[PDB]
Amino acid sequence: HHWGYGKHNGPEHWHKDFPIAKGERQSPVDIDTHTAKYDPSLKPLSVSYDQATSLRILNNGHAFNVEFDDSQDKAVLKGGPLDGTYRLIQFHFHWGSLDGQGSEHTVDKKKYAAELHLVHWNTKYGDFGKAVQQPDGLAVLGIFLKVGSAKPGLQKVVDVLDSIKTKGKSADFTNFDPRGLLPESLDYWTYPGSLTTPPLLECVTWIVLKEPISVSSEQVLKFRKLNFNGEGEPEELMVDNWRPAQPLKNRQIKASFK
Ligand SMILES: COc1ccc(/C(C)=C/C(=O)O)cc1
Ligand SMILES: [Zn+2]
């Protein structure tokens, strides 16, 4: 497949190769804060990242992934809407060419400059490939980015980007602490949805934090210097790698906070 974010291979085209793009539980969505329902039944959300073991950072020609050792329970997400234990496998971002766009989820139709996705899979399914074939296989923690003050926890990501400028490049990325990417509050919205890139599988419990993190102009500008293209190919800046909001259809968004 040769999908991307351009006029000729972007989100409006994806359904031809991935028909589930027009499915019943696609992501992202607009979070209407006035129709989301406070759910007192939600258990506390547990983000347990103290033993996280990062391995590598990779430019895959769509975004960049920071990958983790997910062979044991070293960084896991529990509680909230989740049953069982979800292992952190990777995180990546979606971002814009301008500060007023870039996020995939929106909040009362507001776009943020970027959105961080921490991707976790349900350990009952044994491996990530099996998990994505299950309706409760993944839990993605989504965190909005707005431009303001710098995020210190993000700088080590920023400073390795020059070494993975183009599609296919990877670099060592050990000893990175993903706790440094979290806002103060873990208040969240949650709903059942999908991957937001092909194959768009409907396997995700989305947990989207209410509180954005702030990153600096310089930090987001360095995201925008990445390339979609491979080395030696005509330069196409890696910007606007976000899917827009999809129809909510038969879904309720629940909130953890009143
Ligand atoms: C089956 O291959 C996969 C490709 C992408 C993904 C993810 C995690 C996509 C996304 O972030 O939307 C999962 C599996
Ligand atoms: Zn994503």
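Chain A is numbered as in Swiss-Prot; the shown residues are, in order, 3-260.
Going by what the header records, the deposited coordinates were determined by X-ray crystallography, 1.4 Å.
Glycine is treated like the rest: Cβ placed from N, Cα and C.
Residues or ranges marked as domain 'Alpha-carbonic anhydrase' by Swiss-Prot: 3-259.
Close to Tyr7 (site 'Fine-tunes the proton-transfer properties of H-64') in the fold, though at least 6 residues off in sequence, lie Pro13, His64, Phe230, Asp242, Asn243, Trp244, each with a CB less than 8 Å from its CB. Summarising the annotation, Swiss-Prot assigns site 'Fine-tunes the proton-transfer properties of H-64' to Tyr7 (among others) and lists a curator's inference as the type of evidence.
When secondary structure is read from DSSP and collapsed to three states, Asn62 (site 'Fine-tunes the proton-transfer properties of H-64') falls in the coil class. Proximity of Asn62 (site 'Fine-tunes the proton-transfer properties of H-64') to non-local residues of its own chain (separation of 6 or more, Cβ distance below 8 Å) is seen for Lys169, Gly170, given in sequence order. The annotation site 'Fine-tunes the proton-transfer properties of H-64' is assigned in Swiss-Prot to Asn62 (among others).
What Swiss-Prot records for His64 is active site, proton donor/acceptor.
The feature site 'Fine-tunes the proton-transfer properties of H-64' is assigned by Swiss-Prot to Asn67 (among others). Within the same chain, residues at least 6 positions away in sequence whose Cβ sits under 8 Å from that of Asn67 (site 'Fine-tunes the proton-transfer properties of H-64') are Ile59, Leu60, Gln92, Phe93, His94.
What Swiss-Prot lists as Zn(2+) binding site is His94, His96, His119, and the listing cites experimental evidence. The 10 Å shell around the Cβ of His94 (Zn(2+) binding site) contains 20 further Cβ atoms across the protein chains shown. In the three-state DSSP reading, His94 (Zn(2+) binding site) counts as strand.
In the shown protein chains, 13 other C-beta atoms lie within 10 A of the C-beta of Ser165 (phosphoserine). As annotated by Swiss-Prot, phosphoserine applies to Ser165 (among others).
Residues or ranges marked as phosphoserine in Swiss-Prot: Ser172 (among others). Sequence-distant contacts of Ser172 (phosphoserine), defined as residues of its own chain at least six apart whose C-beta falls under 8 angstroms from its C-beta, comprise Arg58, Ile59, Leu60, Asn61, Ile166.
Under the heading substrate binding site, Swiss-Prot lists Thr198, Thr199. Sequence-distant neighbours of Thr198 (substrate binding site) (same chain, 6+ residues apart, CB-CB distance under 8 A): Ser29, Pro30, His96, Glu106, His119, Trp244, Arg245.
Look at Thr198 (substrate binding site): DSSP puts it in coil.
Among the recorded positions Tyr7, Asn62, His64, not one has its Cβ under 6 Å from an atom of ligand 2.
Summary: among the recorded positions (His64, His96, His119), the fewest other C-beta atoms within 10 A of the C-beta are counted at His64.
Within the set of recorded positions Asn62, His64, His96, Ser172, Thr198, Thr199, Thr198, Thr199 have a CB atom less than 6 Å from some atom of ligand 1. Contacts of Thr199 (substrate binding site) defined by a Cβ separation under 8 A and a same-chain sequence distance of 6+ are given as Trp5, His64, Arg245, in order along the sequence.
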